[PDB]
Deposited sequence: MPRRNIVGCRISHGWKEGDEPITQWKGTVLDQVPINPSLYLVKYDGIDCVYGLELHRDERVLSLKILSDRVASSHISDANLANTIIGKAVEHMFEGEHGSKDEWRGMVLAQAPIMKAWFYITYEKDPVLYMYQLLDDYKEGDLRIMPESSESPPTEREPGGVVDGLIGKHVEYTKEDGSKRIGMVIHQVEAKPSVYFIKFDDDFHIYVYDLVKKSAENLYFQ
């Protein structure tokens, strides 16, 4: 057997290519039921969710369970959370050259474990991010804007590259609040990709 790490704080070194070798800290959100070697992790200070085979990936150095802080959190106002979950939004970020940019996105769910945080993805950056979005909302930085397939979990998928060959992956989750939206893990990357099968931006997905 092995110890559970879901819901735990973790730390490990990270050695990739010739990149500087660093020590990472984060929180394990999820052990993917359909592929239990795969864990979803929220790393401290890093916005995008990571999907890593934490016990198999050679880049992971000496995985440790931490006890530095409570891992979990909960939502202040669940009713308020329910008004943004499942909604298309404009999510404001600071612009590169001043002002703020409206990033079009979709609030997907409250995250597991870190329940004060929300899963969100973006039209221009369709991977999985996590923020404490009720903070954005209170500050005026989150504005609400005024293809379901059964049995997809675990299905292999390929995506057409501009280079011409196929990007290979697996469907790992279906979003409850918007069941035409799925999470995909591709073999070549740690991001969790989010696709809405009702959208033309998904026509490129082959099952």
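Colleague: Report the unmodelled segments of the deposited sequence as residue ranges counted from 1.
Modeller: Several regions go unmodelled: 1, 148-160, 222.
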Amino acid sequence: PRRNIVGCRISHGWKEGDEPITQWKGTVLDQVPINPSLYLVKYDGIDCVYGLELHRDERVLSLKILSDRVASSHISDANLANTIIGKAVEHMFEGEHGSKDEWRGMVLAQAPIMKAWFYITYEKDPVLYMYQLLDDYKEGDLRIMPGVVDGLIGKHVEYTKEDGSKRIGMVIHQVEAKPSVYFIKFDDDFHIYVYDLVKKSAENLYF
From here on, numbers count along this sequence of modelled residues.
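Colleague: Which of the two stretches, 33-41 or 153-161, shows the higher mean Cα temperature factor in the record?
Modeller: It is 153-161 that shows the higher mean C-alpha B-factor.
Colleague: If you take the mean CA temperature factor per stretch, which one wins between 73-81 and 86-94?
Modeller: Stretch with the greater average CA B-factor: 73-81.
Colleague: Looking at the C-alpha B-factor values in the deposited entry, which of 26, 146, 140, 51 comes out highest?
Modeller: Result of the comparison over 26, 146, 140, 51: 146.
Colleague: For the listed 58, 176, 47, 68, which has the peak Cα B-factor recorded in the PDB entry?
Modeller: That would be 68.
Colleague: What third of its chain's C-alpha B-factors does residue 9 belong to: lowest, middle or highest?
Modeller: Middle third by C-alpha B-factor.
Colleague: Comparing residue 130 with the other modelled residues of its chain, is its CA B-factor in the lowest, middle or highest third?
Modeller: It falls in the middle third of the chain.
Colleague: Relative to the other modelled residues of the same chain, rank the CA B-factor of residue 21 and answer lowest, middle or highest third.
Modeller: Residue 21: CA B-factor falls in the middle third of its chain.
Colleague: Lowest, middle or highest third: which one holds residue 136 when the chain's residues are ordered by CA B-factor from the entry?
Modeller: Answer is lowest: the recorded C-alpha B-factor places it there.
Colleague: Just say lowest, middle or highest third for the CA B-factor of residue 106 relative to the other modelled residues in its chain.
Modeller: Tercile = middle for this residue's CA B-factor.
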